[PDB]
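Source file: input13.pdb. Holds: PDB, C-alpha atoms.
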```
MODEL        1
ATOM      1  CA  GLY V  19      95.768  85.437 100.489  1.00  0.00           C
ATOM      2  CA  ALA V  20      98.996  84.548 102.310  1.00  0.00           C
ATOM      3  CA  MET V  21     101.317  84.070  99.290  1.00  0.00           C
ATOM      4  CA  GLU V  22     100.157  87.407  97.745  1.00  0.00           C
ATOM      5  CA  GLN V  23     100.628  89.306 100.973  1.00  0.00           C
ATOM      6  CA  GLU V  24     104.166  87.848 101.247  1.00  0.00           C
ATOM      7  CA  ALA V  25     105.131  89.250  97.890  1.00  0.00           C
ATOM      8  CA  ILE V  26     103.886  92.679  98.913  1.00  0.00           C
ATOM      9  CA  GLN V  27     105.733  92.387 102.192  1.00  0.00           C
ATOM     10  CA  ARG V  28     109.023  91.715 100.356  1.00  0.00           C
ATOM     11  CA  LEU V  29     108.483  94.958  98.466  1.00  0.00           C
ATOM     12  CA  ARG V  30     107.599  96.822 101.637  1.00  0.00           C
ATOM     13  CA  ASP V  31     110.790  95.565 103.444  1.00  0.00           C
ATOM     14  CA  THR V  32     112.828  96.858 100.513  1.00  0.00           C
ATOM     15  CA  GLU V  33     111.116 100.231 100.514  1.00  0.00           C
ATOM     16  CA  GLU V  34     111.734 100.582 104.211  1.00  0.00           C
ATOM     17  CA  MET V  35     115.486  99.808 103.919  1.00  0.00           C
ATOM     18  CA  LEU V  36     115.902 102.125 100.956  1.00  0.00           C
ATOM     19  CA  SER V  37     114.073 104.880 102.842  1.00  0.00           C
ATOM     20  CA  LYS V  38     116.425 104.318 105.767  1.00  0.00           C
ATOM     21  CA  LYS V  39     119.414 104.591 103.406  1.00  0.00           C
ATOM     22  CA  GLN V  40     117.939 107.916 102.046  1.00  0.00           C
ATOM     23  CA  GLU V  41     117.734 109.339 105.451  1.00  0.00           C
ATOM     24  CA  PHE V  42     121.269 108.380 106.144  1.00  0.00           C
ATOM     25  CA  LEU V  43     122.487 109.858 102.862  1.00  0.00           C
ATOM     26  CA  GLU V  44     120.799 113.127 103.934  1.00  0.00           C
ATOM     27  CA  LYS V  45     122.602 113.202 107.245  1.00  0.00           C
ATOM     28  CA  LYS V  46     125.873 112.489 105.274  1.00  0.00           C
ATOM     29  CA  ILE V  47     125.277 115.314 102.768  1.00  0.00           C
ATOM     30  CA  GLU V  48     124.823 117.590 105.748  1.00  0.00           C
ATOM     31  CA  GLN V  49     127.992 116.397 107.403  1.00  0.00           C
ATOM     32  CA  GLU V  50     129.919 116.893 104.090  1.00  0.00           C
ATOM     33  CA  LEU V  51     128.631 120.338 103.265  1.00  0.00           C
ATOM     34  CA  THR V  52     129.365 121.315 106.899  1.00  0.00           C
ATOM     35  CA  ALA V  53     132.947 119.921 106.674  1.00  0.00           C
ATOM     36  CA  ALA V  54     133.640 121.628 103.318  1.00  0.00           C
ATOM     37  CA  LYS V  55     132.666 124.976 104.934  1.00  0.00           C
ATOM     38  CA  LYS V  56     134.724 124.162 107.992  1.00  0.00           C
ATOM     39  CA  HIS V  57     137.837 123.263 105.949  1.00  0.00           C
ATOM     40  CA  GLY V  58     137.362 125.639 103.047  1.00  0.00           C
ATOM     41  CA  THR V  59     140.267 127.912 103.962  1.00  0.00           C
ATOM     42  CA  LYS V  60     142.609 125.966 106.273  1.00  0.00           C
ATOM     43  CA  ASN V  61     142.508 122.555 104.509  1.00  0.00           C
ATOM     44  CA  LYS V  62     141.646 122.868 100.783  1.00  0.00           C
ATOM     45  CA  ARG V  63     142.364 119.190 100.247  1.00  0.00           C
ATOM     46  CA  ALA V  64     139.858 117.925 102.846  1.00  0.00           C
ATOM     47  CA  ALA V  65     137.270 120.507 101.551  1.00  0.00           C
ATOM     48  CA  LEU V  66     137.547 119.453  97.933  1.00  0.00           C
ATOM     49  CA  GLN V  67     137.099 115.751  98.861  1.00  0.00           C
ATOM     50  CA  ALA V  68     134.126 116.597 101.075  1.00  0.00           C
ATOM     51  CA  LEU V  69     132.510 118.214  98.001  1.00  0.00           C
ATOM     52  CA  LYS V  70     133.243 115.205  95.767  1.00  0.00           C
ATOM     53  CA  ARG V  71     131.709 112.916  98.371  1.00  0.00           C
ATOM     54  CA  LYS V  72     128.672 115.209  98.725  1.00  0.00           C
ATOM     55  CA  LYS V  73     128.136 114.992  94.919  1.00  0.00           C
ATOM     56  CA  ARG V  74     128.551 111.190  94.986  1.00  0.00           C
ATOM     57  CA  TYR V  75     125.874 110.938  97.809  1.00  0.00           C
ATOM     58  CA  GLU V  76     123.606 113.217  95.867  1.00  0.00           C
ATOM     59  CA  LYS V  77     123.828 110.893  92.821  1.00  0.00           C
ATOM     60  CA  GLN V  78     123.278 107.752  94.988  1.00  0.00           C
ATOM     61  CA  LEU V  79     120.289 109.427  96.586  1.00  0.00           C
ATOM     62  CA  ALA V  80     118.785 110.055  93.061  1.00  0.00           C
ATOM     63  CA  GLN V  81     119.196 106.423  92.054  1.00  0.00           C
ATOM     64  CA  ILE V  82     117.426 105.429  95.310  1.00  0.00           C
ATOM     65  CA  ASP V  83     114.524 107.831  94.677  1.00  0.00           C
ATOM     66  CA  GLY V  84     114.020 106.182  91.255  1.00  0.00           C
ATOM     67  CA  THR V  85     114.151 102.715  92.793  1.00  0.00           C
ATOM     68  CA  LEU V  86     111.478 103.724  95.305  1.00  0.00           C
ATOM     69  CA  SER V  87     109.144 105.026  92.604  1.00  0.00           C
ATOM     70  CA  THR V  88     109.647 101.708  90.734  1.00  0.00           C
ATOM     71  CA  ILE V  89     108.914  99.679  93.913  1.00  0.00           C
ATOM     72  CA  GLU V  90     105.768 101.699  94.701  1.00  0.00           C
ATOM     73  CA  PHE V  91     104.453 101.234  91.211  1.00  0.00           C
ATOM     74  CA  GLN V  92     105.108  97.422  91.300  1.00  0.00           C
ATOM     75  CA  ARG V  93     103.507  97.159  94.728  1.00  0.00           C
ATOM     76  CA  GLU V  94     100.340  99.045  93.559  1.00  0.00           C
ATOM     77  CA  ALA V  95     100.059  96.617  90.661  1.00  0.00           C
ATOM     78  CA  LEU V  96     100.012  93.712  93.140  1.00  0.00           C
ATOM     79  CA  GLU V  97      97.658  95.215  95.769  1.00  0.00           C
TER
ATOM     80  CA  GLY W  19     128.732  98.908 105.600  1.00  0.00           C
ATOM     81  CA  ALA W  20     126.105  97.076 107.708  1.00  0.00           C
ATOM     82  CA  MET W  21     123.227  99.237 106.371  1.00  0.00           C
ATOM     83  CA  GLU W  22     124.196  98.718 102.777  1.00  0.00           C
ATOM     84  CA  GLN W  23     124.497  94.934 103.349  1.00  0.00           C
ATOM     85  CA  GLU W  24     121.006  94.781 104.913  1.00  0.00           C
ATOM     86  CA  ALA W  25     119.514  96.803 102.005  1.00  0.00           C
ATOM     87  CA  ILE W  26     121.397  94.582  99.560  1.00  0.00           C
ATOM     88  CA  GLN W  27     119.912  91.448 101.149  1.00  0.00           C
ATOM     89  CA  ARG W  28     116.362  92.823 101.121  1.00  0.00           C
ATOM     90  CA  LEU W  29     116.976  93.625  97.400  1.00  0.00           C
ATOM     91  CA  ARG W  30     118.060  90.006  96.823  1.00  0.00           C
ATOM     92  CA  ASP W  31     114.943  88.691  98.603  1.00  0.00           C
ATOM     93  CA  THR W  32     112.835  90.941  96.290  1.00  0.00           C
ATOM     94  CA  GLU W  33     114.630  89.669  93.170  1.00  0.00           C
ATOM     95  CA  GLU W  34     113.900  86.098  94.200  1.00  0.00           C
ATOM     96  CA  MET W  35     110.188  86.940  94.626  1.00  0.00           C
ATOM     97  CA  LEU W  36     110.130  88.741  91.312  1.00  0.00           C
ATOM     98  CA  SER W  37     111.845  85.902  89.413  1.00  0.00           C
ATOM     99  CA  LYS W  38     109.221  83.481  90.752  1.00  0.00           C
ATOM    100  CA  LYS W  39     106.369  85.704  89.379  1.00  0.00           C
ATOM    101  CA  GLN W  40     108.313  86.081  86.158  1.00  0.00           C
ATOM    102  CA  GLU W  41     108.550  82.319  85.665  1.00  0.00           C
ATOM    103  CA  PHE W  42     104.756  81.984  86.423  1.00  0.00           C
ATOM    104  CA  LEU W  43     103.834  84.663  83.853  1.00  0.00           C
ATOM    105  CA  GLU W  44     106.216  83.309  81.207  1.00  0.00           C
ATOM    106  CA  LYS W  45     104.653  79.844  81.574  1.00  0.00           C
ATOM    107  CA  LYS W  46     101.134  81.327  81.359  1.00  0.00           C
ATOM    108  CA  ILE W  47     101.991  83.190  78.175  1.00  0.00           C
ATOM    109  CA  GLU W  48     103.550  80.007  76.619  1.00  0.00           C
ATOM    110  CA  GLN W  49     100.368  78.153  77.551  1.00  0.00           C
ATOM    111  CA  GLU W  50      98.156  80.833  75.896  1.00  0.00           C
ATOM    112  CA  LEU W  51     100.135  80.753  72.636  1.00  0.00           C
ATOM    113  CA  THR W  52      99.958  76.967  72.551  1.00  0.00           C
ATOM    114  CA  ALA W  53      96.187  77.036  73.207  1.00  0.00           C
ATOM    115  CA  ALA W  54      95.629  79.755  70.578  1.00  0.00           C
ATOM    116  CA  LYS W  55      97.255  77.572  67.867  1.00  0.00           C
ATOM    117  CA  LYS W  56      95.248  74.452  68.901  1.00  0.00           C
ATOM    118  CA  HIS W  57      91.863  76.234  69.161  1.00  0.00           C
ATOM    119  CA  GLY W  58      92.369  78.272  65.949  1.00  0.00           C
ATOM    120  CA  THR W  59      89.170  79.716  64.483  1.00  0.00           C
ATOM    121  CA  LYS W  60      86.820  77.462  66.558  1.00  0.00           C
ATOM    122  CA  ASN W  61      85.215  80.125  68.802  1.00  0.00           C
ATOM    123  CA  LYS W  62      85.519  83.937  68.484  1.00  0.00           C
ATOM    124  CA  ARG W  63      84.280  84.763  71.990  1.00  0.00           C
ATOM    125  CA  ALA W  64      86.799  82.361  73.636  1.00  0.00           C
ATOM    126  CA  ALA W  65      89.652  83.606  71.355  1.00  0.00           C
ATOM    127  CA  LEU W  66      88.936  87.245  72.253  1.00  0.00           C
ATOM    128  CA  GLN W  67      88.896  86.318  75.997  1.00  0.00           C
ATOM    129  CA  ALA W  68      92.207  84.441  75.584  1.00  0.00           C
ATOM    130  CA  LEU W  69      93.816  87.370  73.724  1.00  0.00           C
ATOM    131  CA  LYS W  70      92.732  89.559  76.616  1.00  0.00           C
ATOM    132  CA  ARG W  71      94.357  87.171  79.170  1.00  0.00           C
ATOM    133  CA  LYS W  72      97.557  86.939  77.202  1.00  0.00           C
ATOM    134  CA  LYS W  73      97.819  90.727  76.921  1.00  0.00           C
ATOM    135  CA  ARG W  74      97.316  91.095  80.701  1.00  0.00           C
ATOM    136  CA  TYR W  75     100.082  88.572  81.476  1.00  0.00           C
ATOM    137  CA  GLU W  76     102.402  90.283  78.948  1.00  0.00           C
ATOM    138  CA  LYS W  77     101.726  93.667  80.585  1.00  0.00           C
ATOM    139  CA  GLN W  78     102.326  92.221  84.102  1.00  0.00           C
ATOM    140  CA  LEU W  79     105.483  90.570  82.830  1.00  0.00           C
ATOM    141  CA  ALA W  80     106.842  93.736  81.260  1.00  0.00           C
ATOM    142  CA  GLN W  81     106.337  95.478  84.597  1.00  0.00           C
ATOM    143  CA  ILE W  82     108.034  92.707  86.552  1.00  0.00           C
ATOM    144  CA  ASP W  83     111.032  92.671  84.167  1.00  0.00           C
ATOM    145  CA  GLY W  84     111.425  96.433  84.496  1.00  0.00           C
ATOM    146  CA  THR W  85     111.292  96.231  88.295  1.00  0.00           C
ATOM    147  CA  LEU W  86     113.787  93.371  88.330  1.00  0.00           C
ATOM    148  CA  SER W  87     116.428  95.295  86.322  1.00  0.00           C
ATOM    149  CA  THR W  88     115.920  98.352  88.433  1.00  0.00           C
ATOM    150  CA  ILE W  89     116.352  96.318  91.681  1.00  0.00           C
ATOM    151  CA  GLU W  90     119.399  94.491  90.309  1.00  0.00           C
ATOM    152  CA  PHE W  91     121.087  97.779  89.343  1.00  0.00           C
ATOM    153  CA  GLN W  92     120.250  99.397  92.705  1.00  0.00           C
ATOM    154  CA  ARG W  93     121.780  96.406  94.526  1.00  0.00           C
ATOM    155  CA  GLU W  94     124.941  96.605  92.424  1.00  0.00           C
ATOM    156  CA  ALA W  95     125.176 100.345  93.190  1.00  0.00           C
ATOM    157  CA  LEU W  96     125.208  99.694  96.962  1.00  0.00           C
ATOM    158  CA  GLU W  97     127.984  97.090  96.679  1.00  0.00           C
TER
ENDMDL
END
```
Would you write out, as structure tokens, the structure that this file holds?
Amino acid sequence: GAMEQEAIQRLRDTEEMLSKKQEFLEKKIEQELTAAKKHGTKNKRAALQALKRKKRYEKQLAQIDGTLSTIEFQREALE
Amino acid sequence: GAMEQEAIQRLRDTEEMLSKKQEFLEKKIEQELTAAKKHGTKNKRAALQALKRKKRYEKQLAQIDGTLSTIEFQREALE
């Protein structure tokens, strides 16, 4: 009943925020890989930092994927 | 940023929920060990049932503890 559903809802709210953060990391990747191509020749400094940031978002995005799989598994166990 | 802070708060709310279930399961396990020592070799059927309950709580607890670390580390990664 109510208390059980609440616990599942906490997990759902977390999933939904992490999924939102994924989507935003994907838009950022795309901005960064676009900027690195844009600056490749005329601004090597900006390009190189774009690529470091892209890699950092890629890593953050991986941690988030693993957190989601963990959340889903915990939530199934409670359902 | 704002998105990270919202995600970080929903992670905190999940940790709080998880710690409450953790404390419930830990108590239940303590209670089963205490009862197993008192009851001893009095009744095989009841002992087997109790060993089954204790194993279920231990399995649920191991899951909860794994989820909690994962959520904690994800939160720290967004800060």
> What does the distance from atom CA of residue V:95 to atom CA of residue W:30 come to in Å, to one decimal?
Replying inline: 20.1 Å
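Distance annotation: of V:88, V:53, V:94, V:58, the residue with the minimal separation from chain W is V:88; atom set is all atoms listed in the file.
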>> Matching each Cα of chain W to its counterpart in chain V by order, what RMSD results from the least-squares fit?
In response: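 The fitted C-alpha deviation between chain V and chain W is 1.5 Å.
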> In Å, how far is it from atom CA of residue W:29 to atom CA of residue V:83?
Replying inline: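 So the two atoms, atom CA of residue W:29 and atom CA of residue V:83, lie 14.7 Å apart.
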>> Taking all atoms listed in the file into account and nothing else, which residues of chain W lie no more than 6 Å away from chain V? Please answer as number ranges by chain.
In response: W: 25, 28, 32
Quick one: what's the axis-aligned box for stretch 42-57 of chain V, all listed atoms, 8 Å on every side, centre and edges in Å to one decimal, as AutoDock Vina command-line options?
```
--center_x 129.3 --center_y 116.7 --center_z 105.4 --size_x 33.0 --size_y 32.6 --size_z 21.2
```
> So how far away is atom CA of residue V:52 from atom CA of residue V:69, in Å?
Replying inline: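 Interatomic distance here is 9.9 Å.
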>> Every residue with an atom at most 10 Å from (100.0, 82.9, 73.5) (file coordinates; all atoms listed in the file) is what I'm after, so could you write them as a list in words?
In response: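 Returned residue set, sorted by chain then number, is residues 44, 45, 46, 47, 48, 49, 50, 51, 52, 53, 54, 55, 68, 69, 71, 72, 73, 75 and 76 of chain W.
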